[PDB]
>>> print(open('my_file.txt').read())   # compact mmCIF, C-alpha atoms
# COMPACT_ATOMS: atom_id res chain seq x y z
CA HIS A 483 -4.41 -5.30 5.79
CA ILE A 484 -5.13 -5.92 2.09
CA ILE A 485 -5.86 -2.47 0.63
CA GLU A 486 -8.38 -3.09 -2.17
CA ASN A 487 -10.65 -0.77 -4.19
CA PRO A 488 -14.36 -1.20 -4.93
CA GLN A 489 -13.70 -0.82 -8.69
CA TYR A 490 -11.09 -3.57 -9.20
CA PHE A 491 -11.91 -5.85 -6.24
CA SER A 492 -15.66 -6.08 -5.53
CA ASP A 493 -16.73 -7.72 -2.25
CA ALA A 494 -20.45 -7.19 -1.55
CA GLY B 13 -19.17 20.37 37.50
CA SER B 14 -20.78 21.78 34.33
CA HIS B 15 -20.21 25.42 33.29
CA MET B 16 -17.52 25.62 30.58
CA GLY B 17 -19.56 24.56 27.53
CA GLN B 18 -22.39 22.66 29.32
CA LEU B 19 -23.43 19.35 27.69
CA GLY B 20 -21.37 16.22 28.42
CA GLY B 21 -19.38 15.84 25.17
CA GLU B 22 -17.87 19.34 25.46
CA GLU B 23 -17.17 20.04 29.16
CA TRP B 24 -13.44 19.10 29.02
CA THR B 25 -14.11 16.34 31.55
CA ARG B 26 -14.77 13.02 29.80
CA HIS B 27 -12.99 9.96 28.35
CA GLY B 28 -10.66 10.31 25.33
CA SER B 29 -12.26 10.48 21.85
CA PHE B 30 -10.57 13.80 20.85
CA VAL B 31 -13.58 16.10 21.63
CA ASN B 32 -11.52 19.31 21.17
CA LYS B 33 -12.30 18.95 17.44
CA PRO B 34 -15.21 17.63 15.38
CA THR B 35 -13.02 15.51 13.07
CA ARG B 36 -11.03 13.03 15.26
CA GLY B 37 -7.30 13.24 14.45
CA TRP B 38 -6.61 9.48 14.51
CA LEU B 39 -3.13 8.40 13.34
CA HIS B 40 -1.14 10.62 10.93
CA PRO B 41 -1.89 8.57 7.72
CA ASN B 42 -5.60 9.48 7.96
CA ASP B 43 -5.27 12.99 9.45
CA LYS B 44 -3.03 13.87 6.48
CA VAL B 45 -5.04 11.91 3.87
CA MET B 46 -7.84 14.39 4.54
CA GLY B 47 -5.30 17.22 5.03
CA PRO B 48 -2.65 18.00 2.37
CA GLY B 49 -1.65 14.30 2.13
CA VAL B 50 0.86 12.21 4.12
CA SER B 51 4.39 11.78 2.73
CA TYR B 52 6.82 9.11 4.00
CA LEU B 53 10.09 7.91 2.43
CA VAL B 54 10.14 4.39 0.95
CA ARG B 55 12.80 3.30 -1.56
CA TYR B 56 11.46 1.45 -4.62
CA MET B 57 13.03 -1.90 -5.60
CA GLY B 58 12.27 -2.45 -9.30
CA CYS B 59 8.88 -3.83 -10.40
CA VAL B 60 7.78 -7.43 -11.04
CA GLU B 61 5.12 -8.13 -13.69
CA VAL B 62 2.60 -10.96 -13.49
CA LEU B 63 0.61 -13.02 -15.98
CA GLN B 64 -2.17 -14.46 -13.79
CA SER B 65 -5.88 -13.54 -13.63
CA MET B 66 -7.01 -10.53 -11.56
CA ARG B 67 -9.56 -9.80 -8.80
CA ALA B 68 -8.42 -12.77 -6.68
CA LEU B 69 -7.31 -13.22 -3.06
CA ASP B 70 -6.37 -16.82 -2.12
CA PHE B 71 -4.82 -16.96 1.37
CA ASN B 72 -2.35 -19.66 0.26
CA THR B 73 -1.94 -18.83 -3.44
CA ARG B 74 -1.28 -15.16 -2.58
CA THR B 75 1.52 -16.05 -0.13
CA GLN B 76 3.13 -18.57 -2.51
CA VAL B 77 3.23 -16.33 -5.61
CA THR B 78 3.81 -13.09 -3.66
CA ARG B 79 6.59 -14.60 -1.51
CA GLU B 80 8.05 -16.39 -4.56
CA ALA B 81 8.66 -13.27 -6.68
CA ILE B 82 9.44 -11.12 -3.62
CA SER B 83 12.00 -13.84 -2.75
CA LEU B 84 13.82 -13.54 -6.10
CA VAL B 85 13.98 -9.76 -5.61
CA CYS B 86 15.26 -9.55 -2.01
CA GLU B 87 17.62 -12.43 -2.93
CA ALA B 88 18.68 -12.15 -6.61
CA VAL B 89 18.91 -8.35 -6.24
CA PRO B 90 20.18 -7.45 -2.75
CA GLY B 91 18.54 -4.40 -1.12
CA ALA B 92 16.10 -5.80 1.47
CA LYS B 93 17.00 -6.22 5.15
CA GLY B 94 17.14 -9.87 6.29
CA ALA B 95 16.86 -11.95 3.10
CA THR B 96 19.87 -11.34 0.83
CA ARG B 97 21.25 -14.90 0.79
CA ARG B 98 20.93 -17.84 3.22
CA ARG B 99 20.00 -20.98 1.26
CA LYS B 100 16.23 -20.57 0.79
CA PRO B 101 15.26 -23.11 -1.87
CA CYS B 102 12.01 -24.76 -0.68
CA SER B 103 9.45 -26.04 -3.22
CA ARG B 104 7.33 -23.57 -5.22
CA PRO B 105 3.60 -24.34 -5.16
CA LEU B 106 2.62 -22.55 -8.39
CA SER B 107 1.44 -23.75 -11.83
CA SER B 108 0.31 -20.71 -13.85
CA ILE B 109 0.44 -17.60 -11.63
CA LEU B 110 3.48 -15.31 -12.01
CA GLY B 111 5.61 -13.46 -14.58
CA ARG B 112 9.15 -12.25 -13.77
CA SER B 113 10.88 -9.78 -11.42
CA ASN B 114 12.19 -6.70 -13.26
CA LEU B 115 15.27 -5.38 -11.43
CA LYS B 116 15.84 -2.45 -13.82
CA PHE B 117 15.89 0.07 -10.94
CA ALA B 118 16.78 -1.57 -7.60
CA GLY B 119 16.99 1.21 -4.99
CA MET B 120 15.09 4.41 -5.90
CA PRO B 121 14.21 6.51 -2.85
CA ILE B 122 10.71 7.95 -3.42
CA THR B 123 8.42 9.93 -1.09
CA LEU B 124 5.16 7.98 -0.62
CA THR B 125 2.61 10.82 -0.49
CA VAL B 126 -1.00 9.71 0.09
CA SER B 127 -3.78 12.29 -0.40
CA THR B 128 -7.56 11.94 -0.62
CA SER B 129 -7.64 9.87 -3.83
CA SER B 130 -4.12 10.95 -4.81
CA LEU B 131 -1.39 8.39 -3.97
CA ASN B 132 1.50 10.33 -5.54
CA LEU B 133 4.98 8.90 -4.96
CA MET B 134 7.48 11.76 -5.37
CA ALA B 135 10.85 10.70 -6.84
CA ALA B 136 13.81 11.53 -4.57
CA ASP B 137 16.32 9.96 -7.00
CA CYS B 138 16.62 12.05 -10.18
CA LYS B 139 14.37 14.90 -8.99
CA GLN B 140 11.12 13.61 -10.51
CA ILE B 141 7.63 12.49 -9.39
CA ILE B 142 6.31 8.92 -9.84
CA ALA B 143 2.76 9.86 -10.84
CA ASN B 144 1.29 13.02 -9.29
CA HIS B 145 -2.13 11.31 -8.83
CA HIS B 146 -1.72 7.50 -8.77
CA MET B 147 -5.28 6.61 -7.67
CA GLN B 148 -7.59 5.38 -10.45
CA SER B 149 -6.38 2.08 -11.95
CA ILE B 150 -3.98 0.01 -9.77
CA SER B 151 -5.41 -3.44 -8.88
CA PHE B 152 -4.19 -4.84 -5.54
CA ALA B 153 -2.49 -3.16 -2.57
CA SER B 154 -1.29 -4.42 0.84
CA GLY B 155 1.78 -4.87 3.06
CA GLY B 156 1.13 -5.83 6.70
CA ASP B 157 1.64 -9.18 8.47
CA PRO B 158 1.46 -11.44 5.38
CA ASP B 159 3.10 -10.66 1.99
CA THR B 160 6.45 -9.44 3.38
CA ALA B 161 5.64 -8.99 7.09
CA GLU B 162 7.86 -5.87 7.03
CA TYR B 163 7.97 -4.22 3.58
CA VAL B 164 5.02 -2.95 1.51
CA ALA B 165 3.78 -4.42 -1.80
CA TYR B 166 1.06 -3.05 -4.10
CA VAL B 167 0.43 -4.23 -7.67
CA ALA B 168 -0.48 -1.19 -9.78
CA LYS B 169 -1.74 -0.79 -13.36
CA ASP B 170 -2.32 2.04 -15.87
CA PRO B 171 0.19 2.17 -18.75
CA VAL B 172 -0.44 -1.49 -19.65
CA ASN B 173 -2.96 -4.25 -18.85
CA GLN B 174 -0.41 -6.22 -16.80
CA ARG B 175 -0.56 -6.04 -12.99
CA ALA B 176 2.92 -5.01 -11.77
CA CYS B 177 3.63 -5.97 -8.14
CA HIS B 178 5.55 -2.98 -6.73
CA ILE B 179 8.05 -3.95 -4.01
CA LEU B 180 9.29 -1.14 -1.74
CA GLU B 181 11.14 -1.16 1.60
CA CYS B 182 12.65 1.30 4.12
CA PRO B 183 9.44 3.38 4.28
CA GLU B 184 10.41 4.92 7.68
CA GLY B 185 7.49 4.62 10.16
CA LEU B 186 4.82 3.02 7.96
CA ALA B 187 3.93 -0.76 7.85
CA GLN B 188 0.57 -0.56 9.71
CA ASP B 189 0.08 3.23 9.54
CA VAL B 190 0.99 3.24 5.82
CA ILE B 191 -1.50 0.42 5.16
CA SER B 192 -4.17 2.66 6.74
CA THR B 193 -3.22 5.51 4.37
CA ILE B 194 -3.35 3.63 1.05
CA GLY B 195 -6.69 2.15 2.19
CA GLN B 196 -7.97 5.65 3.02
CA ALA B 197 -7.19 7.33 -0.33
CA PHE B 198 -8.28 3.98 -1.88
CA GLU B 199 -11.95 4.51 -0.92
CA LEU B 200 -11.90 8.24 -1.80
CA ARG B 201 -13.15 8.44 -5.41
CA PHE B 202 -12.20 5.75 -7.98
CA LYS B 203 -15.52 6.65 -9.68
CA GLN B 204 -17.58 5.02 -6.89
CA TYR B 205 -20.33 3.65 -9.14
CA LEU B 206 -21.81 1.57 -6.28
CA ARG B 207 -23.43 -1.57 -7.71
>>> encode(input="my_file.txt", output="structure tokens")
Amino acid sequence: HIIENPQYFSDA
Amino acid sequence: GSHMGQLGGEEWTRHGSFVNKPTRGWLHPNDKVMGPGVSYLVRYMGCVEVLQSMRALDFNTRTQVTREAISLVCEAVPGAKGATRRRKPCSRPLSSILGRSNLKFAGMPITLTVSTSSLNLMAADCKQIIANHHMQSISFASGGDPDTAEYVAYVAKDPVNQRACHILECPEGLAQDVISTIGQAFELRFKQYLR
């Protein structure tokens, strides 16, 4: 449930 | 028994999975995110600023620093529901990860509207609008089991380069559904560069 964006938080 | 619209996924005789429409419906946070944009009512409780690095998760460091500041707000500045004062000292596992809770505006009813890439929080206090399109900078957002286990917290960013953990409560039917909304509009645009 941790809303995160692909611009600030990158996970890939 | 086929005759209405033949086929099997359109003969009004199957399991759930909407079917009547091509979209899906799902909960209201998503159906509205694509529609005009959901709009709940969560009162803001001041804003706490931090001074730690960014782009970090930490399952233990996030609960110690997030619960630490959130503790000084629901305690030092009454307003929460079940954490105003009851002797809650405990240690404070934290060396260099925090800033200070700013209780300049404790209690500011605001409509949390979430649209496709447009998290605008209307202002129901002095007839205003906290950002008509808050969905481009920000930094971290959440509010489910961990963090507060009841309220919602999302550190934003835009006017300055300092993550500001936003603490809000009394959303009125949100918690899990609201988390699904902010996540929805979250992956809408944000200049998806795609590495």
>>> residues_around(input="my_file.txt", residues="segment 485-493 of chain A", least_positions_apart="5", cutoff="9 Å", atoms="only C-alpha atoms", output="MDAnalysis selection string")
chainID B and resid 66:68 148:155 166 191:192 194:196 198:199 202:206
>>> write_last_selection(input="my_file.txt", atoms="C-alpha atoms", output="PDB file, in the frame of the given file")
ATOM      1  CA  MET B  66      -7.010 -10.530 -11.560  1.00  0.00           C
ATOM      2  CA  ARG B  67      -9.560  -9.800  -8.800  1.00  0.00           C
ATOM      3  CA  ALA B  68      -8.420 -12.770  -6.680  1.00  0.00           C
ATOM      4  CA  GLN B 148      -7.590   5.380 -10.450  1.00  0.00           C
ATOM      5  CA  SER B 149      -6.380   2.080 -11.950  1.00  0.00           C
ATOM      6  CA  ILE B 150      -3.980   0.010  -9.770  1.00  0.00           C
ATOM      7  CA  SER B 151      -5.410  -3.440  -8.880  1.00  0.00           C
ATOM      8  CA  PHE B 152      -4.190  -4.840  -5.540  1.00  0.00           C
ATOM      9  CA  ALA B 153      -2.490  -3.160  -2.570  1.00  0.00           C
ATOM     10  CA  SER B 154      -1.290  -4.420   0.840  1.00  0.00           C
ATOM     11  CA  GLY B 155       1.780  -4.870   3.060  1.00  0.00           C
ATOM     12  CA  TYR B 166       1.060  -3.050  -4.100  1.00  0.00           C
ATOM     13  CA  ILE B 191      -1.500   0.420   5.160  1.00  0.00           C
ATOM     14  CA  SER B 192      -4.170   2.660   6.740  1.00  0.00           C
ATOM     15  CA  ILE B 194      -3.350   3.630   1.050  1.00  0.00           C
ATOM     16  CA  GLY B 195      -6.690   2.150   2.190  1.00  0.00           C
ATOM     17  CA  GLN B 196      -7.970   5.650   3.020  1.00  0.00           C
ATOM     18  CA  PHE B 198      -8.280   3.980  -1.880  1.00  0.00           C
ATOM     19  CA  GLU B 199     -11.950   4.510  -0.920  1.00  0.00           C
ATOM     20  CA  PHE B 202     -12.200   5.750  -7.980  1.00  0.00           C
ATOM     21  CA  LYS B 203     -15.520   6.650  -9.680  1.00  0.00           C
ATOM     22  CA  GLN B 204     -17.580   5.020  -6.890  1.00  0.00           C
ATOM     23  CA  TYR B 205     -20.330   3.650  -9.140  1.00  0.00           C
ATOM     24  CA  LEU B 206     -21.810   1.570  -6.280  1.00  0.00           C
TER      25      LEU B 206
END
>>> atom_distance(input="my_file.txt", atom1="atom CA of residue 44 of chain B", atom2="atom CA of residue 127 of chain B")
7.1 Å
>>> closest_residue(input="my_file.txt", among="B:126, B:177, B:190, B:115", to="chain A", atoms="only C-alpha atoms")
B:190
>>> atom_distance(input="my_file.txt", atom1="atom CA of residue 159 of chain B", atom2="atom CA of residue 90 of chain B")
18.0 Å
>>> residues_around(input="my_file.txt", residues="segment 116-120 of chain B", least_positions_apart="5", cutoff="8 Å", atoms="all atoms listed in the file", output="number ranges by chain")
B: 55-59, 89, 91, 135-137
>>> atom_distance(input="my_file.txt", atom1="atom CA of residue 165 of chain B", atom2="atom CA of residue 494 of chain A")
24.4 Å
>>> closest_residue(input="my_file.txt", among="B:27, B:104, B:93, B:175", to="chain A", atoms="all atoms listed in the file")
B:175
>>> residues_around(input="my_file.txt", residues="residue 128 of chain B", least_positions_apart="4", cutoff="6 Å", atoms="only C-alpha atoms", output="ChimeraX atom specification")
/B:45-46,197,200
>>> residues_near_point(input="my_file.txt", point="(9.9, -8.4, 6.4)", cutoff="9 Å", atoms="all atoms listed in the file", output="PyMOL selection string")
chain B and resi 92-95+157+159-164+181
>>> closest_residue(input="my_file.txt", among="B:171, B:158, B:121, B:185", to="residue 484 of chain A", atoms="only C-alpha atoms")
B:158
